[PDB]
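Just target-v9.tsv here, TSV, N, CA and C atoms:
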```
chain	number	residue	atom	x	y	z
U	1	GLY	N	12.92	-67.81	-56.56
U	1	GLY	CA	13.64	-68.39	-55.45
U	1	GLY	C	14.82	-67.54	-55.01
U	2	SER	N	14.66	-66.85	-53.88
U	2	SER	CA	15.72	-65.99	-53.36
U	2	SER	C	15.41	-65.56	-51.93
U	3	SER	N	16.34	-64.83	-51.33
U	3	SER	CA	16.17	-64.36	-49.96
U	3	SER	C	15.46	-63.01	-49.93
U	4	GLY	N	14.32	-62.94	-50.61
U	4	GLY	CA	13.55	-61.71	-50.66
U	4	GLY	C	12.40	-61.78	-51.65
U	5	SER	N	11.28	-61.16	-51.29
U	5	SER	CA	10.11	-61.15	-52.15
U	5	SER	C	10.37	-60.35	-53.42
U	6	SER	N	10.13	-60.97	-54.57
U	6	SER	CA	10.34	-60.32	-55.86
U	6	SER	C	9.01	-59.92	-56.49
U	7	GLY	N	8.09	-60.87	-56.56
U	7	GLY	CA	6.79	-60.59	-57.14
U	7	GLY	C	6.37	-61.63	-58.16
U	8	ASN	N	5.39	-61.29	-58.99
U	8	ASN	CA	4.90	-62.21	-60.01
U	8	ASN	C	5.87	-62.27	-61.19
U	9	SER	N	6.49	-63.43	-61.38
U	9	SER	CA	7.44	-63.62	-62.47
U	9	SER	C	6.92	-64.65	-63.47
U	10	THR	N	7.33	-64.51	-64.73
U	10	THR	CA	6.91	-65.43	-65.78
U	10	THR	C	7.75	-66.70	-65.77
U	11	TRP	N	7.21	-67.74	-65.14
U	11	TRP	CA	7.91	-69.02	-65.05
U	11	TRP	C	7.73	-69.83	-66.34
U	12	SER	N	8.81	-70.46	-66.79
U	12	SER	CA	8.77	-71.26	-68.01
U	12	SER	C	7.86	-72.47	-67.84
U	13	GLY	N	6.56	-72.25	-67.99
U	13	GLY	CA	5.61	-73.34	-67.84
U	13	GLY	C	4.17	-72.85	-67.84
U	14	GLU	N	3.23	-73.79	-67.90
U	14	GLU	CA	1.81	-73.44	-67.91
U	14	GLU	C	1.00	-74.45	-67.10
U	15	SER	N	0.22	-73.94	-66.16
U	15	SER	CA	-0.61	-74.79	-65.30
U	15	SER	C	-1.97	-74.15	-65.05
U	16	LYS	N	-3.03	-74.89	-65.35
U	16	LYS	CA	-4.39	-74.40	-65.16
U	16	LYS	C	-4.82	-74.57	-63.70
U	17	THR	N	-4.04	-75.34	-62.94
U	17	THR	CA	-4.35	-75.58	-61.54
U	17	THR	C	-3.53	-74.67	-60.63
U	18	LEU	N	-4.22	-73.88	-59.81
U	18	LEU	CA	-3.55	-72.96	-58.90
U	18	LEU	C	-3.51	-73.54	-57.48
U	19	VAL	N	-2.38	-73.35	-56.81
U	19	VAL	CA	-2.21	-73.85	-55.45
U	19	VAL	C	-2.39	-72.73	-54.43
U	20	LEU	N	-3.48	-72.80	-53.67
U	20	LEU	CA	-3.76	-71.79	-52.66
U	20	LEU	C	-3.20	-72.20	-51.30
U	21	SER	N	-2.60	-71.25	-50.60
U	21	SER	CA	-2.01	-71.51	-49.29
U	21	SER	C	-2.41	-70.43	-48.29
U	22	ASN	N	-2.30	-70.76	-47.01
U	22	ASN	CA	-2.65	-69.82	-45.95
U	22	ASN	C	-4.16	-69.63	-45.86
U	23	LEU	N	-4.90	-70.69	-46.18
U	23	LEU	CA	-6.35	-70.64	-46.14
U	23	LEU	C	-6.86	-70.75	-44.70
U	24	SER	N	-7.92	-70.01	-44.40
U	24	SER	CA	-8.50	-70.03	-43.06
U	24	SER	C	-9.62	-71.06	-42.96
U	25	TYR	N	-9.68	-71.76	-41.83
U	25	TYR	CA	-10.70	-72.78	-41.62
U	25	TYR	C	-12.09	-72.22	-41.88
U	26	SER	N	-12.29	-70.95	-41.53
U	26	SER	CA	-13.58	-70.30	-41.73
U	26	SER	C	-13.91	-70.18	-43.21
U	27	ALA	N	-12.87	-70.22	-44.04
U	27	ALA	CA	-13.05	-70.12	-45.49
U	27	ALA	C	-13.31	-71.49	-46.11
U	28	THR	N	-14.30	-71.56	-46.99
U	28	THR	CA	-14.65	-72.81	-47.66
U	28	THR	C	-14.88	-72.60	-49.15
U	29	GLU	N	-15.00	-73.70	-49.89
U	29	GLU	CA	-15.22	-73.63	-51.33
U	29	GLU	C	-16.18	-72.49	-51.67
U	30	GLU	N	-17.13	-72.24	-50.79
U	30	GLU	CA	-18.11	-71.18	-51.00
U	30	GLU	C	-17.42	-69.82	-51.16
U	31	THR	N	-16.54	-69.51	-50.22
U	31	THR	CA	-15.81	-68.24	-50.25
U	31	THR	C	-14.91	-68.16	-51.48
U	32	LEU	N	-14.27	-69.27	-51.81
U	32	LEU	CA	-13.38	-69.32	-52.97
U	32	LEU	C	-14.15	-69.09	-54.26
U	33	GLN	N	-15.32	-69.72	-54.36
U	33	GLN	CA	-16.16	-69.58	-55.55
U	33	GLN	C	-16.46	-68.12	-55.84
U	34	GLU	N	-16.26	-67.27	-54.84
U	34	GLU	CA	-16.51	-65.84	-54.99
U	34	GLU	C	-15.28	-65.12	-55.55
U	35	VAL	N	-14.11	-65.47	-55.01
U	35	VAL	CA	-12.87	-64.86	-55.46
U	35	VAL	C	-12.53	-65.28	-56.89
U	36	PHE	N	-12.70	-66.56	-57.18
U	36	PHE	CA	-12.41	-67.09	-58.51
U	36	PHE	C	-13.70	-67.46	-59.23
U	37	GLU	N	-14.11	-66.61	-60.17
U	37	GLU	CA	-15.33	-66.85	-60.94
U	37	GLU	C	-15.05	-67.74	-62.14
U	38	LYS	N	-13.82	-67.67	-62.65
U	38	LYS	CA	-13.42	-68.47	-63.80
U	38	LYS	C	-13.03	-69.88	-63.38
U	39	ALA	N	-12.77	-70.06	-62.09
U	39	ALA	CA	-12.40	-71.36	-61.55
U	39	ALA	C	-13.42	-72.42	-61.92
U	40	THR	N	-13.04	-73.32	-62.83
U	40	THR	CA	-13.93	-74.38	-63.27
U	40	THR	C	-14.21	-75.37	-62.14
U	41	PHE	N	-13.36	-75.35	-61.12
U	41	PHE	CA	-13.51	-76.25	-59.98
U	41	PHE	C	-12.61	-75.81	-58.82
U	42	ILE	N	-13.15	-75.84	-57.61
U	42	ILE	CA	-12.40	-75.45	-56.43
U	42	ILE	C	-12.39	-76.57	-55.39
U	43	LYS	N	-11.20	-76.89	-54.88
U	43	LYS	CA	-11.05	-77.94	-53.88
U	43	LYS	C	-10.39	-77.40	-52.62
U	44	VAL	N	-10.97	-77.71	-51.47
U	44	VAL	CA	-10.43	-77.25	-50.19
U	44	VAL	C	-10.37	-78.40	-49.19
U	45	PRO	N	-9.17	-78.99	-49.05
U	45	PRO	CA	-8.95	-80.10	-48.12
U	45	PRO	C	-9.01	-79.67	-46.66
U	46	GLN	N	-9.88	-80.31	-45.89
U	46	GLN	CA	-10.04	-79.98	-44.48
U	46	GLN	C	-9.67	-81.17	-43.60
U	47	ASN	N	-9.76	-80.99	-42.29
U	47	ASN	CA	-9.43	-82.04	-41.34
U	47	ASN	C	-10.68	-82.81	-40.92
U	48	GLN	N	-10.48	-83.92	-40.23
U	48	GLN	CA	-11.59	-84.74	-39.76
U	48	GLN	C	-12.64	-83.89	-39.05
U	49	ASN	N	-12.17	-82.90	-38.30
U	49	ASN	CA	-13.07	-82.01	-37.57
U	49	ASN	C	-13.76	-81.03	-38.51
U	50	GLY	N	-12.97	-80.41	-39.39
U	50	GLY	CA	-13.52	-79.45	-40.33
U	50	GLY	C	-12.67	-78.21	-40.47
U	51	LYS	N	-11.35	-78.39	-40.39
U	51	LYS	CA	-10.42	-77.27	-40.51
U	51	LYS	C	-9.58	-77.40	-41.77
U	52	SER	N	-9.54	-76.33	-42.56
U	52	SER	CA	-8.77	-76.32	-43.80
U	52	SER	C	-7.29	-76.59	-43.53
U	53	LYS	N	-6.78	-77.66	-44.11
U	53	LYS	CA	-5.38	-78.03	-43.94
U	53	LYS	C	-4.48	-76.80	-44.01
U	54	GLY	N	-4.91	-75.80	-44.77
U	54	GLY	CA	-4.13	-74.59	-44.92
U	54	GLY	C	-3.84	-74.25	-46.37
U	55	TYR	N	-4.41	-75.03	-47.28
U	55	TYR	CA	-4.21	-74.81	-48.71
U	55	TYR	C	-5.45	-75.19	-49.50
U	56	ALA	N	-5.41	-74.97	-50.81
U	56	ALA	CA	-6.53	-75.29	-51.68
U	56	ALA	C	-6.06	-75.53	-53.11
U	57	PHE	N	-6.89	-76.20	-53.90
U	57	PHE	CA	-6.57	-76.49	-55.29
U	57	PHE	C	-7.61	-75.90	-56.23
U	58	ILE	N	-7.24	-74.82	-56.92
U	58	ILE	CA	-8.14	-74.16	-57.86
U	58	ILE	C	-7.94	-74.68	-59.27
U	59	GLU	N	-9.05	-74.88	-59.99
U	59	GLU	CA	-8.99	-75.37	-61.36
U	59	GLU	C	-9.64	-74.38	-62.32
U	60	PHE	N	-9.03	-74.22	-63.49
U	60	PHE	CA	-9.55	-73.30	-64.50
U	60	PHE	C	-9.62	-73.97	-65.87
U	61	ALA	N	-9.99	-73.20	-66.88
U	61	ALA	CA	-10.11	-73.72	-68.24
U	61	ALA	C	-8.73	-74.01	-68.83
U	62	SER	N	-7.75	-73.18	-68.48
U	62	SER	CA	-6.40	-73.34	-68.98
U	62	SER	C	-5.43	-72.40	-68.26
U	63	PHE	N	-4.16	-72.47	-68.63
U	63	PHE	CA	-3.14	-71.63	-68.02
U	63	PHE	C	-3.46	-70.15	-68.22
U	64	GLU	N	-4.43	-69.88	-69.09
U	64	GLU	CA	-4.84	-68.50	-69.37
U	64	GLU	C	-5.61	-67.91	-68.20
U	65	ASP	N	-6.77	-68.50	-67.90
U	65	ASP	CA	-7.60	-68.03	-66.80
U	65	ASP	C	-6.89	-68.21	-65.47
U	66	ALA	N	-6.37	-69.40	-65.23
U	66	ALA	CA	-5.66	-69.70	-63.99
U	66	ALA	C	-4.68	-68.59	-63.64
U	67	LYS	N	-3.95	-68.11	-64.63
U	67	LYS	CA	-2.97	-67.04	-64.43
U	67	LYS	C	-3.67	-65.70	-64.25
U	68	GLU	N	-4.82	-65.55	-64.89
U	68	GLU	CA	-5.59	-64.31	-64.80
U	68	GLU	C	-5.98	-64.01	-63.36
U	69	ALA	N	-6.34	-65.06	-62.62
U	69	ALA	CA	-6.73	-64.91	-61.22
U	69	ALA	C	-5.51	-64.99	-60.30
U	70	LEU	N	-4.55	-65.83	-60.67
U	70	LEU	CA	-3.34	-65.99	-59.88
U	70	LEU	C	-2.52	-64.71	-59.86
U	71	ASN	N	-2.69	-63.88	-60.89
U	71	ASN	CA	-1.97	-62.62	-60.99
U	71	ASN	C	-2.56	-61.58	-60.05
U	72	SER	N	-3.88	-61.61	-59.89
U	72	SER	CA	-4.57	-60.66	-59.02
U	72	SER	C	-4.83	-61.28	-57.65
U	73	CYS	N	-5.67	-62.31	-57.61
U	73	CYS	CA	-6.00	-62.98	-56.36
U	73	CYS	C	-4.76	-63.11	-55.48
U	74	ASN	N	-3.60	-63.22	-56.10
U	74	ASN	CA	-2.34	-63.36	-55.37
U	74	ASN	C	-2.38	-62.56	-54.07
U	75	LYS	N	-2.10	-63.23	-52.96
U	75	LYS	CA	-2.10	-62.58	-51.65
U	75	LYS	C	-3.45	-61.93	-51.37
U	76	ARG	N	-4.51	-62.72	-51.46
U	76	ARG	CA	-5.86	-62.21	-51.22
U	76	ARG	C	-6.24	-62.36	-49.75
U	77	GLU	N	-6.58	-61.25	-49.11
U	77	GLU	CA	-6.96	-61.25	-47.71
U	77	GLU	C	-8.38	-61.78	-47.53
U	78	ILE	N	-8.49	-63.03	-47.12
U	78	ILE	CA	-9.80	-63.66	-46.91
U	78	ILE	C	-10.00	-64.02	-45.44
U	79	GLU	N	-11.15	-63.64	-44.90
U	79	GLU	CA	-11.47	-63.93	-43.50
U	79	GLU	C	-10.36	-63.45	-42.58
U	80	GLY	N	-9.67	-62.39	-42.99
U	80	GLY	CA	-8.59	-61.84	-42.19
U	80	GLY	C	-7.32	-62.65	-42.32
U	81	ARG	N	-7.17	-63.36	-43.43
U	81	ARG	CA	-5.99	-64.17	-43.67
U	81	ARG	C	-5.53	-64.05	-45.12
U	82	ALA	N	-4.29	-63.62	-45.31
U	82	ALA	CA	-3.73	-63.47	-46.65
U	82	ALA	C	-3.49	-64.82	-47.31
U	83	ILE	N	-4.10	-65.02	-48.47
U	83	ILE	CA	-3.96	-66.27	-49.20
U	83	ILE	C	-3.04	-66.10	-50.41
U	84	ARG	N	-2.12	-67.05	-50.59
U	84	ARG	CA	-1.19	-67.00	-51.70
U	84	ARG	C	-1.53	-68.07	-52.74
U	85	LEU	N	-1.22	-67.78	-54.00
U	85	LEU	CA	-1.49	-68.71	-55.09
U	85	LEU	C	-0.22	-69.01	-55.88
U	86	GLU	N	0.00	-70.29	-56.18
U	86	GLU	CA	1.17	-70.70	-56.94
U	86	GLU	C	0.82	-71.79	-57.95
U	87	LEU	N	1.29	-71.62	-59.18
U	87	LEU	CA	1.02	-72.58	-60.24
U	87	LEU	C	1.57	-73.96	-59.88
U	88	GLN	N	0.66	-74.90	-59.63
U	88	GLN	CA	1.06	-76.26	-59.27
U	88	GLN	C	1.84	-76.91	-60.41
U	89	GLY	N	2.66	-77.90	-60.06
U	89	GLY	CA	3.45	-78.59	-61.06
U	89	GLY	C	4.91	-78.70	-60.66
U	90	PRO	N	5.78	-78.98	-61.65
U	90	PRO	CA	7.22	-79.12	-61.43
U	90	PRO	C	7.88	-77.79	-61.08
U	91	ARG	N	9.12	-77.86	-60.60
U	91	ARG	CA	9.87	-76.66	-60.23
U	91	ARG	C	10.74	-76.18	-61.39
U	92	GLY	N	10.24	-75.19	-62.12
U	92	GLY	CA	10.99	-74.66	-63.25
U	92	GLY	C	12.29	-74.00	-62.83
U	93	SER	N	13.05	-73.52	-63.80
U	93	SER	CA	14.33	-72.87	-63.53
U	93	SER	C	14.62	-71.78	-64.55
U	94	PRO	N	15.23	-70.68	-64.09
U	94	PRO	CA	15.58	-69.55	-64.96
U	94	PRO	C	16.70	-69.89	-65.94
U	95	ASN	N	17.11	-68.90	-66.72
U	95	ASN	CA	18.18	-69.09	-67.70
U	95	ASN	C	19.37	-68.19	-67.39
U	96	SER	N	20.49	-68.80	-67.03
U	96	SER	CA	21.70	-68.05	-66.70
U	96	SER	C	21.95	-66.96	-67.74
U	97	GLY	N	22.63	-65.90	-67.31
U	97	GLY	CA	22.93	-64.80	-68.21
U	97	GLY	C	24.07	-63.93	-67.72
U	98	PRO	N	25.31	-64.39	-67.96
U	98	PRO	CA	26.52	-63.66	-67.54
U	98	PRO	C	26.73	-62.38	-68.34
U	99	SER	N	26.47	-62.44	-69.64
U	99	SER	CA	26.63	-61.28	-70.51
U	99	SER	C	25.64	-61.32	-71.66
U	100	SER	N	24.88	-60.24	-71.82
U	100	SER	CA	23.88	-60.16	-72.89
U	100	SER	C	24.56	-60.12	-74.26
U	101	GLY	N	23.89	-60.69	-75.26
U	101	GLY	CA	24.44	-60.71	-76.60
U	101	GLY	C	23.53	-60.04	-77.61
```
Would you mind writing the file's structure down as structure tokens?
Amino acid sequence: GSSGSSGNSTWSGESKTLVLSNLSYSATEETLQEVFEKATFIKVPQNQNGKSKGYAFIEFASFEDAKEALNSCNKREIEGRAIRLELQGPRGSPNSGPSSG
């Protein structure tokens, strides 16, 4: 959390469910099933018409696999649209550090 892109950081927590965002309507569970092979289950919420709300819910065996794909898949260009992945769950927090000991 800051005013600038940092990258993949080790958050104090573990989640087997990955939160996909920036999904294209043209993209469906089918396309996702290709990007995530370890994904034990893929969910893509669409609209009454058939348009992806703009996000998705990926499921894995554990925080192990989920992170394995979330580390790479991160910012995956699908159907001409960059998709982001974030470990679903609570909002963790870093540990202050004024002076190292």
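If you count only N, CA and C atoms and ignore residues fewer than 6 places along the chain from residue U:46, what sits within 8 Å of it is residues 25, 52, 53, 54 and 55 of chain U.
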So that I can check the surroundings of residue U:8, please list as a PyMOL selection string every protein, DNA and RNA residue that reaches within 8 Å of it, counting all atoms listed in the file and ignoring chain neighbours fewer than 2 positions away.
chain U and resi 5-6+10-11+70-71
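Within chain U, residues classed as helix (DSSP H, G or I) by DSSP on backbone coordinates are residues 29, 30, 31, 32, 33, 34, 35, 63, 64, 65, 66, 67, 68, 69, 70, 71 and 72 of chain U.
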Name the closest residue to residue U:26 among the candidates U:101, U:2, U:63, U:78; distances are taken between atoms, counting all atoms listed in the file.
U:78
May I have the residues within 6.5 Å of residue U:17 as a ChimeraX atom specification, using all atoms listed in the file and disregarding those fewer than 4 positions away in the same chain?
/U:57-60,62-63,66,86-88
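Here atom C of residue U:50 is placed at a distance of 10.7 Å from atom N of residue U:29.
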With distances taken over all atoms listed in the file, which of U:98, U:83, U:93, U:73 is nearest to residue U:36?
U:73
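Proximity of U:3, U:56, U:23, U:64 to residue U:44, computed with all atoms listed in the file, is greatest for U:56.
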